[PDB]
Amino acid sequence: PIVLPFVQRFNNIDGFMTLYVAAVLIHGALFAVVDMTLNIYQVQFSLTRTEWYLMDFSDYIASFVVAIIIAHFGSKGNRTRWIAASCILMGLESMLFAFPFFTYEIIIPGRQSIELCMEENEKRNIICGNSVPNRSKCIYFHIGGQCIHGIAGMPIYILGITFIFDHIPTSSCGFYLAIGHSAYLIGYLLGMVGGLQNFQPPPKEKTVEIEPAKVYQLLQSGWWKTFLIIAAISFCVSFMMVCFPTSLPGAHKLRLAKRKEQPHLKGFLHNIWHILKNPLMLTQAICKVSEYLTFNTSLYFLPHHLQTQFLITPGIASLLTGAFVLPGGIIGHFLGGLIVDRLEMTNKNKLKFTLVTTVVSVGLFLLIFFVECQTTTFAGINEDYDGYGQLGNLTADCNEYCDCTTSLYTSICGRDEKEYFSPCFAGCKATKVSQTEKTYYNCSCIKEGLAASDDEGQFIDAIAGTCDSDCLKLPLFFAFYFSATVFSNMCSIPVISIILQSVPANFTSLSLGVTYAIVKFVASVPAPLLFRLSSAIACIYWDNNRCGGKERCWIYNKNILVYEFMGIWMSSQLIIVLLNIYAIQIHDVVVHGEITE
Ligand SMILES: *[C@@H]1O[C@H](CO)[C@@H](O[C@@H]2O[C@H](CO)[C@@H](O)[C@H](O)[C@H]2NC(C)=O)[C@H](O)[C@H]1NC(C)=O
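Here the sequence shown stands for residues 81 to 341, 355 to 690, where the numbers follow the deposited numbering.
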């Protein structure tokens with residue numbers, strides 16, 4: 081008996097939009113946390129870099145095994161029911177990805193595995209790896225957590241937008257296409273922003289080794305807190321969508337406005366065959382490939398590049414891309430989408446709109462490449478340590494006494510402006526830590542250095558972290574990075590907007606699945622390997638003495654990576670130019686075939 085005006089105003093075509101972005105927002109909020117959550121799980125919990133990608137890969141293929149199946153199933157049944165169910169399986173997944181943190185907080189603290197580590201012995205506390213059991217058990221919680229993510233997450237991004245296609249007019253779908261994309265972006269922001277404020281250490285970064293044993297508690301409990309709230313929201317949003325009508329009263333009024341004036358295998362193939370037989374969609378999908386190839390690569394390569402040429406803390410460097418690529422992205426859909434929506438752009442109009450959009454963007458990427466040419470301050474990698482030892486001498490006497498470990502080595506600055514790695518390897522037999530900085534004392538393995546130096550309560554000492562005197566180029570880099578990002582997000586709307594037009598209304602449901610199948614398999618499966626091979630190409634100088642099978646590098650080649658990664662994007666960006674010049678002529682030929690004035 082719910083005949084209140086609400087459920088009549090809650091069956092509005094925006095009443096579906098209100099819950100979809102509400103469904104998307106927590107969906108956006110979820111994944112961004114997980115990538116770091118997976119990443120920190122690898123480093124913290126005694127994993128290899130081999131298994132982490134496998135956990136990452138689990139989300140990707142899970143969407144791929146449902147990007148087609150649910151699309152065939154979304155065509156035949158109620159879209160509203162399936163989305164909330166896929167919203168429901170978000171709730172099951174998100175808490176499930178938080179059970180191992182609470183159940184297995186005993187995996188690897190510094191001293192909480194009492195059976196084998198003695199509280200007085202230091203070598204005992206870092207060996208007897210009982211952490212690798214109760215680790216692979218969690219990975220089963222985690223590979224499940226990643227798989228339930230993609231199997232259920234993908235129908236949310238297919239069916240909901242399909243409901244936007246088939247129920248909302250064209251001249252405002254891009255207005256709705258943009259917000260849905262951005263609601264995934266805004267969760268990419270806060271998935272890092274909200275999550276990391278708890279993962280990033282408390283006001284006490286700088287106490288005795290209890291802090292690694294206290295930071296350990298706040299990350300598992302940090303996500304176990306976060307996912308408990310996240311998952312339940314995915315339930316209450318699903319419960320509201322289930323109450324939404326099967327027969328949408330909003331579309332029925334519009335359907336009669338647009339009415340006037355089996356998914357068999359062969360019929361499935363009839364949809365499959367025309368797509369290849371229409372070289373318009375052929376270009377649309379591959380243009381998206383270079384779009385995602387250059388995008389995803391940058392959002393990964395950039396914090397690594399800011400860590401190697403601009404010498405920015407890897408935790409801080411990751412933030413720099415995360416907190417700054419979105420402001421370009423959000424308006425890129427917002428301004429990009431509203432251009433077609435306000436102007437009711439035609440198929441010929443958007444193709445011209447896409448070309449000049451990308452062409453200037455590449456010259457912006459090219460402009461960034463020109464900026465890389467400028468010289469920057471160089472720390473370490475000065476070939477054999479001033480004649481006192483070779484690369485790898487690094488394991489001298491002062492390494493052994495303060496127990497330096499070749500995996501977490503960081504560069505520290507001496508007063509000679511020379512950059513020394515492994516602040517404890519600097520021979521610093523004493524360290525007094527203040528409230529706002531970390532400093533090292535009695536730094537023996539330092540060279541004369543120490544021209545004027547300074548301090549107050551103590552005299553002379555070296556300051557932890559890298560010292561940078563010429564990082565101004567940084568504002569040029571982001572500035573050029575922003576406008577390239579904006580152009581990218583206003584390339585997405587033109588390609589996705591066209592796909593709706595050249596497909597009949599009943600077949601638009603299977604349209605999203607066709608392109609979405611290429612998203613995770615053809616692109617995201619071969620991509621990491623293409624990066625990984627060329628990642629070592631600039632990371633040649635691996636720590637061969639300790640890490641073993643390429644676990645930690647020391648020379649991410651600041652000249653080769655710049656030429657390789659951005660050149661690949663230069664190779665990648667231009668493919669869109671060739672694809673679209675192929676499309677526009679073919680589009681104009683085929684449109685001519687239907688016009689033949
Ligand atoms: C290491 O630094 C400390 C202070 O940061 C220096 O302190 C001296 O330590 C010796 C121990 O042999 C004491 O006899 C002195 O009285 C300490 N000095 C003061 C002012 O308290 C210590 O000298 C440094 N190590 C070396 C090898 O010089």
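Where a beta carbon is used, it is the ideal one built from N, C-alpha and C, also for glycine.
Per DSSP, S504 is one residue of the beta strand (DSSP E) stretching across 504-506. Assignment of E512 by DSSP, reduced to helix, strand and coil, places it in the strand class.
Remark: fewer than three beta-carbon pairs, one from each stretch, lie closer than 8 Å, so the stretch 598-611 and the stretch 434-454 are not flagged as touching. Scanning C167, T414, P85 for the CA closest to the CA of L269 turns up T414. In this chain, the beta strand (DSSP E) harbouring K522 covers 521-523.
Within the stretch 593-653, the complete beta strand (DSSP E) segments at least 3 residues long are 646-648, listed from N- to C-terminus. Residue pairing for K531: DSSP places it in a beta bridge opposite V526.
These are the residues, in chain order, with a beta carbon less than 7 Å from any non-hydrogen atom of ligand 1: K522, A523, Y534, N535, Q551.
Taken atom to atom, the span from the alpha-carbon of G520 to that of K284 is near 25 Å.
Taking 4 residues as the minimum length, the alpha helix (DSSP H) runs contained wholly in the stretch 391-428 are 407-415, in order along the chain.
Residue burial is scored here from C-beta neighbours: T498 has fewer than 16 other C-beta atoms within 10 angstroms and is therefore classed as exposed. For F552, there is no enclosing alpha helix (DSSP H), as DSSP marks it with neither H nor E. Within its own chain, the residues whose Cβ lies closer than 7 Å to the Cβ of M175, once the five positions on either side in sequence are excluded, are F307, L308, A311, listed in chain order. Judged by beta-carbon spacing, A410 lies beyond the 8 Å limit of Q402, meaning their Cβ atoms are not closer than that value. Counting the other Cβ atoms within 10 Å of the Cβ of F471 gives fewer than 16, which makes it exposed.
Annotation for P81: no alpha helix (DSSP H) segment contains it, and DSSP assigns it neither H nor E.
Spatial neighbours of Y478 in its own chain (CB-CB distance under 6 Å, excluding positions within 5 residues in sequence) are listed in chain order as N486. Bounds of the alpha helix (DSSP H) holding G171 are 159-176.
Per DSSP, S251 is one residue of the alpha helix (DSSP H) stretching across 250-279. Its chain contains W162 as the residues whose beta carbon lies nearer than 8 Å to that of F153, once the 5 sequence neighbours on both sides are disregarded; these appear in chain order.
Under DSSP, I556 shares a beta bridge with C506, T532.
Between the stretch 355-366 and the stretch 187-201, the count of Cβ pairs shorter than 8 Å is below three; the stretches do not touch. Excluding residues up to 5 positions away in sequence, nothing lies with its Cβ nearer than 7 Å to the Cβ of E200 in the same chain. Here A544 carries a coil assignment [DSSP, helix/strand/coil]. Fewer than three Cβ pairs drawn from the stretch 619-634 and the stretch 270-277 lie within less than 8 Å of each other, which leaves the two stretches out of contact. The beta carbon of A102 lies closer than 6 Å to those of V317 in the same chain, with the five residues before and after it left out. Cβ neighbours of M135 within its own chain (closer than 7 Å, five residues either side excluded): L118, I219, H222, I223, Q226. A direct Cα-to-Cα measurement between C536 and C495 gives close to 11 Å. Closest by C-alpha distance to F427, out of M438, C466, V322, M583, is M583. Cβ-Cβ distances below 8 Å link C640 to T499, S500 in the same chain, with the five nearest sequence neighbours on each side left out; the list follows chain order. With respect to the 8 Å criterion, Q300 and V588 are not classified as neighbours on the basis of their beta carbons.
In this model, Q88 and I244 are separated by some 18 Å (Cα to Cα).
Around the CB of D434, 16 or more other CB atoms lie within 10 Å, so the residue is classed as buried. Exclusion of the five residues before and after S138 leaves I223, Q226, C227 as the residues of its chain whose Cβ lies within less than 6 Å of its Cβ.
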